[PDB]
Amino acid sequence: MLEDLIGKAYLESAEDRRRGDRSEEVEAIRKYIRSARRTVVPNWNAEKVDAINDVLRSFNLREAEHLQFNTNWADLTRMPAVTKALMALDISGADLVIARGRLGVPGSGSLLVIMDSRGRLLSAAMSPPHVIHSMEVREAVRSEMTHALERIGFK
């Protein structure tokens, strides 16, 4: 499904017919997520993985298995959350990856991403650095996971 719609969207942009995202594209992202047989999270922290899984369960989505690899190494790259997600994909071969880490440079706060089996970005959500807005991490993760799904029309 996603390849079909990407090919079509790419042709649209190429022919200057692109005027934003289309309801069928958003729907396909939801369908991809709902049908994913294996979802993996590289984050090892139980509070964060449990928060993610709490939210998935609340949307009737299959829970994520977590990996147990050193994820500090992602923090020496330009987009840590995305690097961590790609690491999870490359190790696991999963259909869906959900990962959380730093947005960009030190100081830039947090980004949670939902990525597909070929390394593409389906949705995401962010929080300010904790030093700017205090929020218990489990609630930050819960809200980011919720926002990442609701923003593409999940109920």
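Don't overthink the numbering: it's just position in the shown sequence, from 1.
Averaged over CA atoms, B-factors in the entry run higher in 54-62 than in the other of 54-62 and 32-40. Averaged over CA atoms, B-factors in the entry run higher in 131-139 than in the other of 131-139 and 12-20. Ranking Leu96, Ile91, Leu67, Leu112 by the C-alpha B-factor listed in the PDB entry places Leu67 at the top. For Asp116, the recorded CA temperature factor ranks within the lowest third of the chain's modelled residues. Remark: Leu122 belongs to the lowest third of its chain, ranked by C-alpha B-factor as recorded.
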